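Working notes, beginning with the structure itself.
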Amino acid sequence: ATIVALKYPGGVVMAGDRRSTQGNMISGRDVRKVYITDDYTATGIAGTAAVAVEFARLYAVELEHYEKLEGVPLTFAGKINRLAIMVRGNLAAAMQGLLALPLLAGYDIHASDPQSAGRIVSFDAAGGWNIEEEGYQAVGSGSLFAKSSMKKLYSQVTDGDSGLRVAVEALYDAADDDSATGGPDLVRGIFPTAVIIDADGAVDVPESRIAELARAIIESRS
Amino acid sequence: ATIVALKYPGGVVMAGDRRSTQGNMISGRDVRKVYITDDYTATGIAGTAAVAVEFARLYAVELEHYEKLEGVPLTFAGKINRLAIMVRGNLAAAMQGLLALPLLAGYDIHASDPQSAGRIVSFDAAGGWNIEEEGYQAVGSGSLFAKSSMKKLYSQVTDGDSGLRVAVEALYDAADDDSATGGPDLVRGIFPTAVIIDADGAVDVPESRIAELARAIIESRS
Amino acid sequence: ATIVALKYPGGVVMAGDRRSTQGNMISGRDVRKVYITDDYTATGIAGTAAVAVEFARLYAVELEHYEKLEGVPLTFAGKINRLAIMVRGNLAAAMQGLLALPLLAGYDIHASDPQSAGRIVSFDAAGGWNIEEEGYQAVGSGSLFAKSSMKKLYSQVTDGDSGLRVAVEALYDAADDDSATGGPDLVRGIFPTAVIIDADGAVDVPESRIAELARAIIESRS
Amino acid sequence: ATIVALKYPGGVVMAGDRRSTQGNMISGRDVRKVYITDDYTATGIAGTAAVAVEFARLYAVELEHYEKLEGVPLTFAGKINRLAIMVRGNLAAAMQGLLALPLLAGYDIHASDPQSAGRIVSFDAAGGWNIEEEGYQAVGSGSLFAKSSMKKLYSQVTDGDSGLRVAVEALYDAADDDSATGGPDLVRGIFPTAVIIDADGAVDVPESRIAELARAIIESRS
Amino acid sequence: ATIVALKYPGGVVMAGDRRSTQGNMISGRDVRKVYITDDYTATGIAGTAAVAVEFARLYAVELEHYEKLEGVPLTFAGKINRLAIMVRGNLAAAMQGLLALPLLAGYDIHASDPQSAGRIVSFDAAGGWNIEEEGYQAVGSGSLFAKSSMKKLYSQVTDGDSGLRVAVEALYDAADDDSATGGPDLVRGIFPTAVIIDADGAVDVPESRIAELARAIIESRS
Amino acid sequence: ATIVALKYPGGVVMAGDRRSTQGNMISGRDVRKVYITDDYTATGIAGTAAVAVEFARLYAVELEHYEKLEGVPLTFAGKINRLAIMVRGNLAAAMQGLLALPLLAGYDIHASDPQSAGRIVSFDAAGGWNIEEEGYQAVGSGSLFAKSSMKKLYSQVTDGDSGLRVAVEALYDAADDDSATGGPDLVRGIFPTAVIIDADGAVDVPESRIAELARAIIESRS
Amino acid sequence: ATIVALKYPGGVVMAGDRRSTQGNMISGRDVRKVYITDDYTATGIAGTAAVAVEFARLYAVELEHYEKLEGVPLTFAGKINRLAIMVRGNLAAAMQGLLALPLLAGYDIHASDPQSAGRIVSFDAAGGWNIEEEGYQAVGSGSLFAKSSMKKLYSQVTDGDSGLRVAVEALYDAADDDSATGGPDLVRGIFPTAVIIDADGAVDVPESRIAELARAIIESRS
Amino acid sequence: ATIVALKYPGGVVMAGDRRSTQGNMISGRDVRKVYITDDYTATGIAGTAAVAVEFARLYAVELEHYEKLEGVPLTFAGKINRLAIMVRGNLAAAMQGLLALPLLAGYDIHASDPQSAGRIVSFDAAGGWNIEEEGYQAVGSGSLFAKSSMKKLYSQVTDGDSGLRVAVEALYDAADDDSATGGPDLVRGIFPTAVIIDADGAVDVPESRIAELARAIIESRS
Amino acid sequence: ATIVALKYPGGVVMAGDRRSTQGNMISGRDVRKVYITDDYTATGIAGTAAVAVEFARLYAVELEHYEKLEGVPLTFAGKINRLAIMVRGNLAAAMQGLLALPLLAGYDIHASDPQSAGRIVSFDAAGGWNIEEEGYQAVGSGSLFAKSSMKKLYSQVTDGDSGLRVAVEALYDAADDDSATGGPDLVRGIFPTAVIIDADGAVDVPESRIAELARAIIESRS
């Protein structure tokens with residue numbers, strides 16, 4: 001399990017792997033771990049799937065409920081506070097073993113500079129949150145390898161396509177260096193899913209672009 | 001870690017994977033686990049590498065020492081007894097965690113029927129040994145998947161090439177179903193190693209044949 | 001504690017940090033961890049210093065004793081076997097907490113190709129050894145960060161100076177990403193020590209070259 | 001984590017480091033640990049960030065709520081009592097491992113002598129509080145080194161700039177003597193944050209002054 | 001218990017406190033912890049007295065025995081090795097609770113520069129040794145406070161008297177900041193003992209000089 | 001921590017030390033441990049400060065509340081019962097480690113003989129109370145030494161000044177024999193605080209008298 | 001169990017109680033705990049009687065054996081070393097519960113000043129020894145009370161009778177303050193035993209003198 | 001702690017010691033343990049004082065409350081039932097260590113024979129009660145010795161004075177045979193307290209009679 | 001199990017009960033526990049019978065062996081030392097549960113006064129021994145009751161018959177007060193065994209005298 005997210009001028013990208021493992025045996029091959037909560041942010045949870053899907057659904061439901069009740073969407077700080085409270089409320093279950101660490105990436109429509117409106121937030125096991133400002137952040141088992149790869153590869157990010165390519169390459173490096181992370185599948189045609197958030201909203205990247213990027217990266221590495 | 005061995009008319013084949021993992025992180029990519037002790041048998045040990053290489057070297061040294069002292073090679077039963085004693089003498093270290101389960105495949109030159117002279121022997125953690133007679137046997141973490149694949153694929157074994165193809169396909173299935181087993185590497189050009197033992201002795205299969213077999217299997221599975 | 005070693009055409013380089021920490025408090029600022037055993041190989045041990053210096057001295061003494069007794073130096077395989085036996089004999093003390101993982105880099109004078117005569121060997125806690133062939137290897141607390149940095153930076157290695165620069169940059173990255181690794185000191189003038197082994201023997205890199213390389217890297221990163 | 005605070009004629013200064021470490025790996029590089037609750041006092045919490053930010057926000061909210069309800073600000077003794085109750089109410093979580101030790105520095109507008117109106121209060125893990133009167137106090141992992149440095153350097157404090165320089169030098173010494181404390185960053189341009197409280201209220205020290213002070217201290221130490 | 005030692009041009013000084021405490025109750029008031037082994041070095045052990053006196057006597061006896069047997073005194077490296085072996089041989093008793101950490105200070109008569117012939121060696125609990133080169137080192141319960149005081153006060157060391165004054169001031173600071181360290185006694189006339197080693201040998205500082213230095217320091221601090 | 005109290009004809013005196021220690025390190029140098037609850041009695045608590053200040057404040061608040069509600073002050077037996085109930089209600093926290101043993105000294109205005117109206121009450125950890133009648137009582141870590149000193153020195157008590165001198169001498173002896181008790185400070189000018197209760201009420205002894213008494217005692221002991 | 005010993009001009013006295021208690025029940029009423037080893041020293045052991053008598057007999061036997069073998073008595077330092085070795089050799093039994101702490105008092109015939117030839121040595125549980133120089137020392141359960149009493153009463157010691165009276169008074173105070181120490185028995189006529197060592201040798205004090213001293217002390221205390 | 005009670009024609013006597021011990025150290029010298037609940041019975045509790053005084057006060061309060069509510073005193077069986085319920089309700093605290101075993105002695109005014117109206121009741125730790133009919137009963141640490149002494153001495157009981165003398169002698173024997181029981185004090189003038197209950201009610205024995213009885217017993221034993 | 005022994009002018013008597021109990025069930029009714037080792041002393045062991053008989057036989061064998069080897073009987077001190085060594089050598093088995101506490105009574109033929117030549121020695125579980133001088137001593141489960149009875153009844157001992165009667169009465173009292181001690185049996189005719197030692201040697205008391213004494217005591221108690 002590895003989820004990466006980096007900031008590019010005018011938006012933010014988010015991607016994750018598609019592998020679920022029960023110990024050392026592979027259980028899933030195309031598991032989806034990146035979800036869209038509402039128009040201008042997406043979340044990704046690494047850990048137990050049973051807690052991850054529940055957290056995603058509950059976060060989306062709470063955001064929609066508040067928006068319907070008050071008539072206006074929550075501010076970014078309010079969303080961060082709600083997610084932090086949700087994470088903190090599961091500390092006992094995390095101690096038992098039901099651990100889920102989410103990653104939040106969104107676009108701030110109430111920012112003076114649209115080019116620097118992208119935000120990346122990481123959460124701790126105890127509920128603490130920190131706003132990422134180095135331009136990238138990764139979570140999961142292979143987070144360290146992906147973070148090092150992004151540290152070296154962030155100099156080539158200029159637009160959305162460059163950021164997507166860097167994210168795919170970081171995921172490939174994490175899968176190469178970690179046995180719990182699943183790389184691109186050229187036999188079954190399974191590729192990581194990505195979400196791009198910009199001023200127009202959050203959209204889902206088509207599988208064709210990710211397939212071409214993965215094929216190009218594999219050819220280059222050969 | 002997965003090592004497979006099956007019997008074909010006129011000989012016996014033996015193959016294993018090339019992956020070493022320290023927990024969940026990949027440490028090796030072309031680790032060799034199949035060794036040739038003397039002319040008419042080869043061994044393969046799955047488990048801790050530090051114990052596996054030591055066991056292989058010690059077994060070869062003991063066989064050579066006996067052959068030099070007495071002037072004649074040991075019988076197959078004597079070799080099985082020596083290997084069983086060696087395995088039994090390491091039970092305390094196996095209990096602590098230094099476990100090594102070897103697999104023995106050899107050719108009996110003192111058999112009435114040369115076509116049925118192949119032998120496969122499996123060893124337990126307590127030193128018990130059993131002569132395999134179903135025609136195939138696998139050891140390691142992904143032994144069950146490989147054994148099922150060989151159970152379905154043993155009907156197509158007629159000669160050495162068919163047995164080698166079946167072994168490679170079983171290793172591929174085990175790597176597909178197990179995250180601790182490494183499949184063929186089309187980027188770095190790493191392929192499993194195989195040893196063929198027949199009436200002329202034990203030889204090492206060239207990497208080119210294994211590469212072509214793996215490529216054909218991958219193309220067929222696509 | 002971080003020690004790195006990579007292979008370049010015609011030799012091999014080896015370097016390590018200069019930090020000793022007692023828990024979370026800094027105890028040493030210029031600790032030397034890379035030692036020269038004899039003419040054509042050098043070793044580096046990461047872990048408890050009391051065991052590291054003892055292991056280095058004992059290995060050098062054993063090599064010199066064998067060379068004096070037999071009149072010829074040991075082969076590389078013999079040196080690897082001796083070091084593996086020494087590491088394996090300390091497993092109980094390592095279990096208690098006195099752990100020391102050495103890294104071996106040397107030059108093989110009995111190789112057909114002088115340009116590919118460099119060797120890098122890594123040792124496990126149980127005494128297992130593996131010959132490194134990816135071109136680089138790192139040990140210590142910050143080994144992962146240095147290994148990722150070398151994975152990205154190995155494409156620029158052409159000669160000794162390039163390899164030394166890559167090693168220094170990898171050490172700098174490891175110190176940046178790890179609080180237990182000490183980076184270059186521009187106030188006290190403390191810089192990591194490096195050893196270069198080639199066909200002419202093993203020599204110690206002067207501090208001036210490492211100082212200039214570290215200053216250039218710091219200026220580039222600014 | 002290290003937070004220092006000392007008293008100068010006519011006010012009080014407060015500063016802290018910008019390092020967050022998850023065990024031995026660095027997680028944050030510009031973490032803010034000094035916060036302003038209201039006009040005439042500021043607080044600093046060392047320990048778990050998830051508890052520290054919550055404590056700061058809750059203390060500020062409680063003070064504002066009381067001021068709005070009663071129409072007058074709380075006395076200094078009342079603020080100390082409220083903070084002590086808040087600290088005491090978290091003793092079980094501190095026993096489990098969620099420990100947070102705050103440091104309180106403020107200006108008493110109801111004092112006969114304005115020059116001696118500065119107050120420094122330290123809190124224990126059990127909720128006990130003591131008013132600091134030696135002129136300085138430090139909390140965190142590297143509190144001892146900073147306290148010794150301030151013990152030697154307090155003789156040069158005459159005004160606000162002298163106190164700020166002494167605080168920065170004490171933080172530098174603590175970072176030098178402790179691996180968990182982050183010193184000034186000349187590459188990324190990260191410097192410790194400081195807050196100055198005087199008769200006109202609590203203000204935030206601009207980063208430029210701290211940068212010049214740190215550069216001067218580094219040059220002097222060279 | 002606190003023992004300090006610092007280097008001055010042309011020699012080395014060594015001093016320690018005179019307090020023995022059984023838990024929280026004071027048992028001794030003039031305990032001697034600095035001993036002279038032979039002509040050109042002195043040792044000081046902090047910890048259990050029953051082990052400290054035994055270690056001092058055994059070290060002196062071993063040095064004298066070697067000098068009598070071989071006719072020449074041991075080199076400094078040999079003395080360090082012997083002391084390290086002695087410390088390492090007591091690791092089990094230290095684990096039970098009989099811990100003794102010695103501090104070694106000596107003068108090297110076989111050095112090119114007489115002004116830089118002073119040496120300070122510190123030993124770890126596991127037997128590891130490191131040659132001190134910052135110019136000072138302290139051991140005992142209040143070692144940190146004394147080390148910080150010496151860090152600030154080392155700039156005034158020019159000769160033997162300055163070094164002695166700095167050592168006495170550091171001991172006074174350690175006694176002030178630590179309840180297990182005994183300061184100067186103006187009622188019973190008990191003062192710390194000091195040993196000065198120079199090119200002429202190791203001598204014992206008379207109590208009168210230490211008394212005057214302590215009185216001057218107390219008057220200055222008033 | 002040591003608090004002493006003895007009876008003299010016409011009143012009662014009470015005094016305590018000014019040292020707070022966190023294990024073996026000194027944390028406070030002028031901590032106040034003797035408090036005045038109301039007109040005709042004072043209390044002193046030895047142990048955890050966080051519990052001691054809370055107990056003193058709560059006892060004073062309860063006494064004032066009862067006096068305001070009923071219009072008449074509580075009898076001495078009622079005050080003893082209230083304090084015993086308060087002590088008994090904290091037995092679980094004392095078992096965990098939050099132990100606080102108070103000492104009560106007061107003047108009974110409803111006694112037939114004004115000269116024998118002084119009362120001293122000691123409390124146990126389980127809430128039991130006993131009225132002291134030997135003429136003196138001490139509590140704290142160094143209670144035994146102070147009690148022995150008062151046993152020898154009680155023959156010289158004739159009036160208030162004699163009792164104060166005896167109490168100061170007992171505190172000095174306790175500080176001499178105990179490392180957790182702080183004696184008079186001739187450098188920082190810190191002296192123990194004392195409270196005198198007589199027929200006119202409870203008053204605080206000025207620091208000048210205690211300073212002169214301590215100086216005279218120190219001169220006599222020299 | 002309480003044994004006291006103090007120094008007077010021209011000799012040294014030693015005395016102990018006569019009570020043995022099995023838990024809380026009295027088992028003995030006239031147990032002797034002070035023994036004479038040879039001419040110029042006597043010893044007293046507090047703790048388990050079965051170990052105490054054995055230690056006394058063994059010490060006397062060893063001293064006599066050495067004197068007979070070498071023809072000259074051991075020096076005082078040699079006797080101290082032998083007793084320390086004997087105490088150290090029983091550390092395991094002391095840990096189990098068979099603890100015996102001896103007290104050594106003797107006269108040095110090889111001293112320049114006969115008036116200051118008295119010596120008092122105390123031993124720790126780990127075998128450490130310290131020469132007493134305050135003029136008095138007590139061991140046993142009620143050692144603290146006796147030591148405080150001697151601290152106050154040492155000013156009246158001028159000769160042997162004064163020292164004996166002070167020792168008897170200290171024993172009486174220890175018995176008064178400790179329930180495990182037996183005071184003088186006026187019904188059965190049991191009184192503590194004392195030994196006086198001077199330039200003429202060690203002699204046993206007659207019971208009549210101790211009886212008169214105890215009666216006078218009891219009458220004075222009435 | 002020892003409390004004795006025996007029956008004589010026409011009444012019943014009750015007495016107890018005056019010693020309180022905290023482990024092995026004496027804490028009290030004239031502690032009162034025999035109390036009068038109402039006109040025709042008295043109680044004595046041995047064990048923790050904090051529980052003993054509380055039990056005595058609560059029993060007296062309950063008896064007075066019932067007498068005031070119903071207008072008639074409780075029967076003896078009702079009093080026994082109430083005391084048994086009170087003892088049974090404290091079983092958990094007794095299990096923790098807060099054990100208190102009371103002894104009840106009273107006079108039955110509703111009995112046919114006034115000469116045999118005395119009653120002695122003993123209570124167990126579980127709340128069980130038994131009416132004593134052998135003529136005597138003792139409780140406390142030294143209960144066995146006192147019971148044996150009363151077994152031998154009960155033949156001389158004819159009236160109140162004889163019973164009082166027998167009780168005092170039994171207490172003296174218990175104090176002689178037990179170190180936790182305090183005998184008569186001829187120095188401080190402390191003697192055991194006794195209560196005599198007859199047809200006229202319960203009265204307190206004056207100290208003079210007990211003093212004369214103790215002096216006569218001591219003289220006889222001499 | 002109860003064994004008693006008391007001293008009378010001109011000799012010493014020794015007696016014990018005849019009951020063996022396995023927990024709470026009676027196993028033996030006439031078990032003999034008093035044995036004669038040699039002419040002038042007898043021993044009695046209380047505890048495990050399997051150890052008691054072995055100890056008696058071994059002690060007798062050792063005494064006879066020494067007497068035969070040297071030609072003269074051992075002194076009383078030598079016998080005490082041998083018995084103490086034998087008891088001390090069984091401390092581990094006693095800790096497991098095989099406890100045996102012997103009682104020694106003998107006649108000293110080498111004493112100046114024949115009337116005071118009787119000796120009684122008691123031994124502890126750790127091997128310590130004490131010579132009894134109060135005139136009586138008892139061991140076993142009911143030792144306390146017998147000792148109290150002898151304390152009251154020792155005033156009537158004038159000769160052998162009086163001592164025997166006192167011993168029988170003490171045994172009867174111990175059996176009455178203890179359920180593990182067997183009293184005289186008037187149905188089966190079982191009575192305690194006694195041994196009388198005087199100047200003429202040790203003899204066994206006939207059962208008729210003990211029967212008459214027990215019958216007289218029973219009649220008197222009726």
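Chain labels run A, B, ... following the order of the structure tokens; each chain numbers its residues from 1, and ligands are numbered from 1 in the order shown.
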_Show me, as a PyMOL selection string, every residue of chain E with an atom at most 7 Å from chain F, counting only C-alpha atoms._
chain E and resi 24-26+177-180+187+222
Can you spit out the residues from that selection as a compact mmCIF listing (two decimals), in the first residue's frame, using C-alpha atoms?
# COMPACT_ATOMS: atom_id res chain seq x y z
CA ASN E 24 19.23 9.89 49.27
CA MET E 25 21.15 9.85 52.58
CA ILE E 26 24.69 11.21 52.79
CA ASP E 177 22.91 21.82 39.83
CA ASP E 178 23.07 18.27 41.27
CA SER E 179 22.05 17.10 44.74
CA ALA E 180 24.30 14.01 44.54
CA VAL E 187 32.37 24.52 57.98
CA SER E 222 27.93 36.26 45.95
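Excluding segment 75-87 of chain G itself and any same-chain residue fewer than 2 positions from it, the protein and nucleic acid residues within 9 Å of it, counting only C-alpha atoms, are residues 55, 59, 62, 63, 73, 89, 90, 91, 100, 101, 102, 104, 106, 107, 108, 110, 121, 123, 124, 125, 126, 127, 128 and 129 of chain G.
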Take the residues that were just selected and, keeping N, CA, C and O atoms, output them as a tab-separated table (two decimals), in the first residue's frame.
chain	number	residue	atom	x	y	z
G	55	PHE	N	31.43	-15.69	60.84
G	55	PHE	CA	32.37	-14.68	60.37
G	55	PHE	C	33.39	-14.33	61.44
G	55	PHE	O	34.58	-14.21	61.14
G	59	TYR	N	37.34	-15.07	60.89
G	59	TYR	CA	38.28	-13.96	60.89
G	59	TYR	C	39.38	-14.18	61.92
G	59	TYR	O	40.57	-13.99	61.63
G	62	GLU	N	41.71	-16.98	60.66
G	62	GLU	CA	42.59	-16.54	59.59
G	62	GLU	C	43.72	-15.66	60.12
G	62	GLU	O	44.88	-15.81	59.72
G	63	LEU	N	43.39	-14.73	61.03
G	63	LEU	CA	44.43	-13.87	61.60
G	63	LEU	C	45.46	-14.70	62.36
G	63	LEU	O	46.67	-14.50	62.21
G	73	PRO	N	52.38	-10.30	63.15
G	73	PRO	CA	50.96	-9.99	62.92
G	73	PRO	C	50.76	-9.19	61.65
G	73	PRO	O	51.64	-8.46	61.19
G	89	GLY	N	32.73	-11.95	49.60
G	89	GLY	CA	32.47	-13.32	49.20
G	89	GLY	C	31.10	-13.85	49.60
G	89	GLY	O	30.74	-14.95	49.18
G	90	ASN	N	30.34	-13.09	50.39
G	90	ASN	CA	29.03	-13.51	50.87
G	90	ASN	C	27.90	-12.69	50.25
G	90	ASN	O	26.79	-12.64	50.80
G	91	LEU	N	28.15	-12.06	49.10
G	91	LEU	CA	27.16	-11.15	48.52
G	91	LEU	C	25.93	-11.91	48.02
G	91	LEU	O	24.81	-11.41	48.14
G	100	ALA	N	25.05	-9.90	56.68
G	100	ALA	CA	25.82	-9.65	57.89
G	100	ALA	C	26.77	-8.49	57.63
G	100	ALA	O	27.67	-8.60	56.79
G	101	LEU	N	26.57	-7.38	58.34
G	101	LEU	CA	27.40	-6.20	58.18
G	101	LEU	C	28.29	-6.02	59.40
G	101	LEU	O	27.79	-5.64	60.47
G	102	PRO	N	29.59	-6.29	59.31
G	102	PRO	CA	30.46	-6.17	60.48
G	102	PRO	C	30.96	-4.74	60.67
G	102	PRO	O	30.96	-3.91	59.76
G	104	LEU	N	34.40	-2.84	62.47
G	104	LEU	CA	35.76	-3.11	62.92
G	104	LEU	C	36.30	-1.90	63.67
G	104	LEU	O	36.26	-0.77	63.17
G	106	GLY	N	39.88	-0.97	66.08
G	106	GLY	CA	41.17	-1.48	66.49
G	106	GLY	C	42.12	-0.36	66.86
G	106	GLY	O	41.83	0.82	66.70
G	107	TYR	N	43.28	-0.77	67.37
G	107	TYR	CA	44.34	0.13	67.79
G	107	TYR	C	45.58	-0.13	66.95
G	107	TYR	O	46.03	-1.28	66.85
G	108	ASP	N	46.13	0.92	66.35
G	108	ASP	CA	47.29	0.81	65.48
G	108	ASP	C	48.55	1.05	66.31
G	108	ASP	O	48.82	2.18	66.74
G	110	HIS	N	51.54	0.81	65.15
G	110	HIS	CA	52.56	1.35	64.25
G	110	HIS	C	52.24	2.78	63.82
G	110	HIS	O	52.51	3.17	62.69
G	121	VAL	N	36.41	1.25	61.31
G	121	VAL	CA	36.18	0.90	59.91
G	121	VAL	C	34.77	0.35	59.78
G	121	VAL	O	34.35	-0.51	60.57
G	123	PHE	N	31.87	-1.34	56.95
G	123	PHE	CA	31.82	-2.13	55.73
G	123	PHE	C	30.41	-2.09	55.13
G	123	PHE	O	29.41	-2.04	55.85
G	124	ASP	N	30.36	-2.10	53.80
G	124	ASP	CA	29.10	-2.07	53.06
G	124	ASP	C	28.67	-3.49	52.71
G	124	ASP	O	29.38	-4.47	52.95
G	125	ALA	N	27.48	-3.60	52.12
G	125	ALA	CA	26.96	-4.91	51.73
G	125	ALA	C	27.71	-5.49	50.54
G	125	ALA	O	27.74	-6.71	50.37
G	126	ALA	N	28.32	-4.64	49.71
G	126	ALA	CA	29.04	-5.08	48.53
G	126	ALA	C	30.52	-5.31	48.79
G	126	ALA	O	31.26	-5.64	47.86
G	127	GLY	N	30.98	-5.15	50.03
G	127	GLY	CA	32.37	-5.34	50.37
G	127	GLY	C	33.20	-4.08	50.48
G	127	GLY	O	34.38	-4.16	50.83
G	128	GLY	N	32.62	-2.92	50.18
G	128	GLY	CA	33.36	-1.67	50.30
G	128	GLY	C	33.57	-1.29	51.76
G	128	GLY	O	32.73	-1.54	52.62
G	129	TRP	N	34.73	-0.68	52.03
G	129	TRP	CA	35.10	-0.28	53.37
G	129	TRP	C	35.50	1.19	53.38
G	129	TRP	O	36.04	1.71	52.39
*Suppose you want the space between atom CA of residue 19 of chain G and atom CA of residue 31 of chain H; what is it in Å?*
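Those two atoms sit 24.8 Å apart.
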*If you run DSSP over the backbone, which residues in segment 59-198 of chain F end up strand (DSSP E)? Put them as a VMD selection string.*
chain F and resid 100 to 107 118 to 123 129 to 132 136 to 140 193 to 198
*asked:* So that I can see what lies close to residue 195 of chain D, please list as a ChimeraX atom specification the residues with an atom at most 7 Å from it, counting only C-alpha atoms and leaving out residues fewer than 2 positions away in the same chain.
replied: /D:13-15,197,202-205
Selection above as a file: N, CA and C atoms, as a compact mmCIF listing (two decimals), in the first residue's frame:
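So the final result, stored in selection.txt, reads:
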# COMPACT_ATOMS: atom_id res chain seq x y z
N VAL D 13 10.62 37.56 26.85
CA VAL D 13 10.78 36.96 25.53
C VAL D 13 10.53 35.46 25.63
N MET D 14 10.20 34.86 24.49
CA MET D 14 9.88 33.44 24.43
C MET D 14 10.21 32.93 23.03
N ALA D 15 10.90 31.79 22.97
CA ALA D 15 11.33 31.24 21.69
C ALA D 15 11.38 29.72 21.79
N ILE D 197 6.79 40.04 24.53
CA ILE D 197 5.66 40.60 25.26
C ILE D 197 6.16 41.76 26.11
N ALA D 202 1.69 41.58 23.15
CA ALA D 202 2.51 40.51 22.61
C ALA D 202 2.56 40.61 21.09
N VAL D 203 3.78 40.60 20.54
CA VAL D 203 4.00 40.70 19.11
C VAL D 203 4.92 39.56 18.67
N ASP D 204 4.92 39.30 17.37
CA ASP D 204 5.74 38.26 16.78
C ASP D 204 7.01 38.87 16.20
N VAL D 205 8.15 38.31 16.57
CA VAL D 205 9.44 38.81 16.07
C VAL D 205 9.57 38.48 14.59
*Skipping near chain neighbours, those fewer than 2 positions away, what residues fall within 10 Å of residue 207 of chain I using only C-alpha atoms, listed as a ChimeraX atom specification?*
/I:189-194,204-205,209-213
*Could you write out, as a PyMOL selection string, all the residues of segment 1-219 of chain H that DSSP marks as helix (DSSP H, G or I)?*
chain H and resi 49-70+76-88+91-96+114-116+143-156+160-177+207-219
_Option closest in space to residue 137 of chain F, from F:109, F:184, F:151, F:165 [counting only C-alpha atoms]_ =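 Once distances to residue 137 of chain F are computed over only C-alpha atoms, the minimum belongs to F:151.
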